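Okay, structure first, notes after.
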4 protein chains.
Amino acid sequence: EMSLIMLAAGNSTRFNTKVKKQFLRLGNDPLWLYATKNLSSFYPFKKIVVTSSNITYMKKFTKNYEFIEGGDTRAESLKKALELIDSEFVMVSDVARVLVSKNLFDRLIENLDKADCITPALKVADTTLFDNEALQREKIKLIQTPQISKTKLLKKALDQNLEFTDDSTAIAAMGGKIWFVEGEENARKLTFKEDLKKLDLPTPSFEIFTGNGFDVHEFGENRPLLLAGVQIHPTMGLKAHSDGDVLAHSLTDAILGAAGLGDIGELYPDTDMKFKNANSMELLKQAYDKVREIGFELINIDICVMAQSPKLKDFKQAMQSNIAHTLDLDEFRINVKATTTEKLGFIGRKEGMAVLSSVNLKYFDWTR
Amino acid sequence: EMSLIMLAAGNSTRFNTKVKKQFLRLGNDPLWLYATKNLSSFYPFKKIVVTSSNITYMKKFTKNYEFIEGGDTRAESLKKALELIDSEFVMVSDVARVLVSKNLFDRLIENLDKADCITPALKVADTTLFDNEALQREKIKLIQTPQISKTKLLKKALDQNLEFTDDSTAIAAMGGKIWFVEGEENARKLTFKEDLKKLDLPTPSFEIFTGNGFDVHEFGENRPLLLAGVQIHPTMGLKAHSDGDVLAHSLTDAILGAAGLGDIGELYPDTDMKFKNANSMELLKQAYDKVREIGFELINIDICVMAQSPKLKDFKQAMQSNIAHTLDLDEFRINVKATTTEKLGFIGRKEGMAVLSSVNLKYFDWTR
Amino acid sequence: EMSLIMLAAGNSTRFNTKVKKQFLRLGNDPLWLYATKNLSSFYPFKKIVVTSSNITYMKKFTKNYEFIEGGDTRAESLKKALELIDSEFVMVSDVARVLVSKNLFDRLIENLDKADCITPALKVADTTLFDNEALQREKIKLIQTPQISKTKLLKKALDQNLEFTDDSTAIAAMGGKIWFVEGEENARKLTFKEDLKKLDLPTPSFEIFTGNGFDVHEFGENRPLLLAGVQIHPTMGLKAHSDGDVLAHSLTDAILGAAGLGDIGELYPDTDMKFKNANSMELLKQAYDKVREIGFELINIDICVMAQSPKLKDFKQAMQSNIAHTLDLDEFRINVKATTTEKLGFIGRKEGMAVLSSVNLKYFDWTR
Amino acid sequence: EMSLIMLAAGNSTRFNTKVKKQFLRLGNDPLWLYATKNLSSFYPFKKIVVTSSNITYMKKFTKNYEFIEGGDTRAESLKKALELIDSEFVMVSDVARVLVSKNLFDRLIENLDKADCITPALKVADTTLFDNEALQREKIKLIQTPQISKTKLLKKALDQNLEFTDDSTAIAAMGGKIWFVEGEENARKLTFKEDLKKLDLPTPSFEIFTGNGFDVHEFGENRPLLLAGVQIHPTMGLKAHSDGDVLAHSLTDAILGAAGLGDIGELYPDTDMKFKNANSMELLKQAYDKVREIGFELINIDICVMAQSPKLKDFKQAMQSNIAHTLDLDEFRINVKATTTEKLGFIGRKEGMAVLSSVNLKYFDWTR
Ligand SMILES: Nc1ccn([C@@H]2O[C@H](COP(=O)(O)O)[C@@H](O)[C@H]2O)c(=O)n1
Ligand SMILES: Nc1ccn([C@@H]2O[C@H](COP(=O)(O)O)[C@@H](O)[C@H]2O)c(=O)n1
Ligand SMILES: Nc1ccn([C@@H]2O[C@H](COP(=O)(O)O)[C@@H](O)[C@H]2O)c(=O)n1
Ligand SMILES: Nc1ccn([C@@H]2O[C@H](COP(=O)(O)O)[C@@H](O)[C@H]2O)c(=O)n1
Ligand SMILES: Nc1ccn([C@@H]2O[C@H](COP(=O)(O)O)[C@@H](O)[C@H]2O)c(=O)n1
Ligand SMILES: Nc1ccn([C@@H]2O[C@H](COP(=O)(O)O)[C@@H](O)[C@H]2O)c(=O)n1
Ligand SMILES: Nc1ccn([C@@H]2O[C@H](COP(=O)(O)O)[C@@H](O)[C@H]2O)c(=O)n1
Ligand SMILES: Nc1ccn([C@@H]2O[C@H](COP(=O)(O)O)[C@@H](O)[C@H]2O)c(=O)n1
Ligand SMILES: CC(C)=CCC/C(C)=C/COP(=O)(O)OP(=O)(O)O
Ligand SMILES: [Zn+2]
Ligand SMILES: [Zn+2]
Ligand SMILES: [Zn+2]
Ligand SMILES: [Zn+2]
């Protein structure tokens, strides 16, 4: 009997960009789940645990695994996770190590009894420099994952010290015995931008996601009217909680809703007002930065500004242009339309204005 | 002179799932039309007739063929269809037999005069058991399609008896003579889930379909407020015709509209009220079940609830969660936003509430 | 030192259809930019100039190149463009010549000094007929592109005469010396429909574009009510500026907005009224004709007609059918829903009606 | 009723190298037969005639076609060939035009009655120069093949004049009417080295051919002993008919025998002695030049020199080296062994010496 831990928590700008690597799309599945799915196919684990910096989101993708909140470091994470494990044995692995082959798994498990922790390793044939200083290459081992370990010893191995980079050194530094099985190129750890092209990773699925956004604001506030952060009119201002950009909030909602990241108020509520100031376009940027973190990319934006006045004709290239700049996309993907309601309803009576945004999101093309 | 009948009517849960197999997408075309297109390329038929359990829908896909309503059985269907045929000869084929090669067609037609009905057949080299009891394998024939038959004889062959599974046995059981041309693996009949991977079928096109949905309901009804079938508030009910779920009807429309299946009222009208009760979420399920039958699958849902009150914040994970369950999709594909209209208009005055749904549908990935 | 001119202006129905060929999608990039990108990768040009019949649109795709308005002919265009060039040398090329290989470029530039203009050429081994009359095939040269020319001489070569088809004959007809480097099949000029399948062109990207459309019209005009150009009711007309088709204008906006071509008023404004008459469905056709010109194609239309009356039930197949005909798409891609607002708001009070359109556009599949 | 002529005669160093292009291997078949096979699949021709500069060789490849000896020119060839044709119609084609598609054939034959000769043609979109001088490109036609012609008129069309490059101009120059069907890129004429990579030609089959060679010469001739044209010994000469190189003749036979080109005496007989002089290595070169002409290339040579004396040890790198140079191959492909017969038999008694050559030939890799 043996359980599995997938360590998928933390986050750092090594690989990273604006997009977390556990959230890269390989097929329909995000990396973290792709990896967990792959390992989980190999063996009936008594329990599967996944460490996370994003439990609530992660959870919306499956019901199969127990999720435990990550720690400050890999070991910290792993300790926390082990406390949920009662099987005699445990197999721990990095999600970043996506394409671990069944072959290698069989090699690990066929040596289950020889020592206290079992590990893939590879030799090094190149001149190795530790700090611009030569090292005897034959004595080097590159250590991979998964690693199978006796639960009881691993829990104890991490009672005090939490600086260990892998299970093997942890078990080792407590007197335990280590068994080195030959590793493989498929077990590489996705750490740098450059690594992506070095792995036979499935390119992301072609699904496109839609989002809508609707927002209303009351007229009659003596300040400038800002839409997509372009100044439309010096006094015909909107009675808002921020700088009053109905366009920008409408669009924000649409971008969020497409990513299943709620709506604008779940992020930037009217109750707390460090948002009193609020440059809405910046709030929009930040909204998109969240969508980008979970592996999404805007295809296009279509906006429809419902307002009886003022005539937004002259300002429409300026609005499209500013969105493009803020959200960092080519100008052609942005389109701002406008319409009166022919004097009908609150919009037509001039009580306020509304904006209707429409968006499509694709999964980030990580093939550069 | 020779006409063509494509038998594409009926329906049964042999292959089936929630999706009719004539509606599977192979390229841009649904199976039934893909198959009819393929056969129709091979020969200038005087008339092409397609039997259907879905004329009105089927018709929206071409203007080339005459459609006749199907019968209770294959023969029943075929009789009905022959009554539209005046050419001396007729070629009948199952749509389910998609990839019939030009080669085999040439073999059929090059033997047009030798007998009364001409048919593909294959021998069997395996031990064959009729009812767990061995049968002399050499005496067996697996009969395929198309089959060319002399119209006059086929019409007569089906005057009384309608139990016949293919044209050959029908012509045969009336004294007529049958000619067996060698069949092929491409002429296989798509009957079971498992068959799909046994055929070199073109994978479905990557087109995504959009849908919008808008619905309004009046406030002031002393009962609970249900949205996506989650109870929001015990008394602030909506004045509806059913349980009053504006969300669920708005979403229903969007799912229907994306599939070109009309709107909610074309299915579930306010006139007839066996819908007086009406659990709207179940009506939604049923709506989706129609969309699924014609080869579609939801990518994502984005909903925007326009309501001045109550504050739906606390209930948004519960709404998303319930939709996911009802429509049987992963939770991450559902997003429910909400907005007041800042006291403006009927929504803002609290007269009623509106919901705006946005959806994308992809063609069903039948590669499992 | 050497600058680059990409000639991408003009337009004619040689290749053409309803779609301009510089706007065909090869990867994410339109042809003109794909081609300019390819050449621009080969050498650090001091200045890159692109000639255009569409500057404003073209500009929304990059910030890298200087765009100058095209002339009536290729030479006219080229003269205009040279006036922006101060480098000693210039390389001119047709955008239509998309896949020009690095190899051939190296051949051009490695012969930079031998003469006044350097050009790819190919021999002809077939019987050649000039006007059904045989010509000595060995004496023929098919002239390609790019061509490198000494700026000063090319400017002068086009001072008077502007009938020249390529740089070489222009330089030649002024006494200058021409150097013929062997051309290639990749440097072919995309001129006819048939040429597409003769080039290894990257198929278009799979991105889908969304568009929304909203339009309102006031009731109480004694004439017929036209929606999608189907007559709904003989007297319950809308107070419009044209024939009053709210559906058709709503849809027009959506189709435009998806293509980033603004909104309906940017095309067909209420100020000028040669649109007084206005058959809106024809205006819609024309709108789509613009979207088609820039490489887009409708996947589907979903429309939601907000109107308290009249009951549009009986007319919904007729509306879908008429749109299909006007926009020239299969009937199944069109869906018209309708909803009252349960007597609430201006719509529900019967003051006017609104329509909400939703659309998805894909890039034109030029593989036929 | 219609017959086919494949013109495969003549030869020139346009494409050519050391290898005739009708003899290039595409699959197992040489080009000429590959092409004839392709056209012959398309239609039951009453008679198939192939013109040849190599009847006797050509004949060893099939029994299906009538072969007639070629003329000095293409027309000369074609006249000669027509005299074997009695069908009303004839289709003539260049073998060099290998991959003519069924599609295009159907286009030719579906216009069989409209005029006197029917021909594929393509337009030209490039600037065309006739003798460095511009020509109105729209008036140009590139003429392809096949061409269908009325036999009677074609025979007459070539009664006097034989300078015509294709059937169309010949029929035309006699008043007959010409019909131009659109041609294709697959109908290109393989004329230049460079053309090969422009056609989707099947790469040659992987068959290897073996050859053996045995030759004996009597000792006791007061001159130098030459083997592979290296001087072995100043006086121990062989009593030959030429310079006496037993090695070189043995190897010649082996190279010929592998190519089914007979033996050395069929080329260079002892009766005629302009071979009295005879530098055998040059005769060997020439032998290989024949093998090269019919599409073959040496993989390796293994030679075994049976001689009781002299000891050839010191001269074996020099022999291998000289063969390599003569036959123009890398040195590693040549190996010369030697053996006495331990004083037994004529060899061992020193009456003469024998040489046994072994060779493998592959088909020329025309992919450069
Ligand atoms: N605090 C941390 C740090 C890393 N990890 C995971 O451990 C694996 C290996 O860690 P590093 O990539 O940081 O070396 C990664 O897949 C990462 O997601 C974790 O679960 N908790
Ligand atoms: N009925 C409503 C209206 C608004 N809200 C929330 O309040 C936020 C701010 O709403 P307004 O912009 O309409 O003031 C929204 O983003 C939404 O999260 C809600 O939860 N229920
Ligand atoms: N009542 C029926 C039953 C079957 N059929 C068609 O006949 C073909 C063969 O029938 P079975 O698959 O039911 O044997 C199928 O393509 C099916 O669509 C029909 O047109 N009408
Ligand atoms: N103007 C209208 C309004 C509604 N309807 C139909 O009536 C149905 C119910 O509409 P309400 O939900 O607006 O009462 C809709 O689904 C639509 O089919 C219509 O056909 N014409
Ligand atoms: N007036 C014109 C005509 C053609 N051109 C460009 O010159 C190139 C070659 O011209 P033609 O295709 O018209 O021969 C094309 O890529 C076309 O876009 C231009 O830039 N201005
Ligand atoms: N506030 C507004 C309202 C309308 N417009 C423009 O006026 C045009 C006609 O608007 P109506 O249909 O609302 O009269 C729209 O297409 C839009 O270009 C605008 O520029 N600013
Ligand atoms: N004397 C000749 C010259 C050419 N030909 C054939 O005619 C075809 C076209 O001729 P050219 O390639 O010489 O133009 C070639 O396939 C060539 O083999 C012939 O059969 N007799
Ligand atoms: N004429 C000869 C005969 C033999 N030899 C060499 O002497 C070796 C032994 O030859 P026997 O086996 O014929 O005695 C051969 O392998 C060959 O290298 C030679 O170099 N010249
Ligand atoms: C698709 C969408 C969101 C359409 C909005 C159009 C609409 C129903 C306006 C209501 O009018 P109103 O509330 O301003 O009328 P009044 O305030 O006079 O009652
Ligand atoms: Zn707001
Ligand atoms: Zn409702
Ligand atoms: Zn309008
Ligand atoms: Zn000899």
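Since chain C takes its numbers from Swiss-Prot, the residues it shows come out as 3-370.
Every residue gets a Cβ built from N, Cα and C, even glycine.
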Which of C:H251, C:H327 shares the divalent metal cation site with C:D217, C:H219 in Swiss-Prot? The record says C:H251
Looking at the recorded positions C:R16, C:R139, C:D217, C:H219, C:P312, C:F348, which ones have a CB within reach of chain A, meaning under 8 Å Cβ to CB?
-> C:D217, C:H219, C:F348
Alpha-carbon distance [C:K23 (site 'Transition state stabilizer'); C:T341 (4-CDP-2-C-methyl-D-erythritol 2-phosphate binding site)] in Å | 42
Per the under 8 Å Cβ criterion, the recorded positions C:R16, C:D217, C:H243, C:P312, C:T341 that neighbour chain B are C:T341
Taking the Cβ of C:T342 (site 'Transition state stabilizer') as the centre, how many other Cβ atoms fall within a 10 Å radius?
-> 18
List the Cα distance (Å, whole number) between C:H219 (divalent metal cation binding site) and C:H243 (site 'Transition state stabilizer').
-> 10
For C:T342 (site 'Transition state stabilizer') and C:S244 (4-CDP-2-C-methyl-D-erythritol 2-phosphate binding site), determine the Cα separation and express it in whole Å.
-> 24
Counting other Cβ atoms within 10 Å, pick out the least crowded of the binding-site residues C:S244, C:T341.
-> C:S244
Residues from the recorded positions C:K191, C:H251, C:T341 that lie close to chain D, Cβ under 8 Å, in sequence order = C:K191
Between C:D274 (4-CDP-2-C-methyl-D-erythritol 2-phosphate binding site) and C:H243 (site 'Transition state stabilizer'), what C-alpha distance do you get in Å?
-> 10
Cβ neighbours of C:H243 (site 'Transition state stabilizer') where a neighbour is any other Cβ within 10 Å | 16
Hey, which of the binding-site residues C:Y270, C:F348 is the loneliest by Cβ count within 10 Å?
-> C:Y270
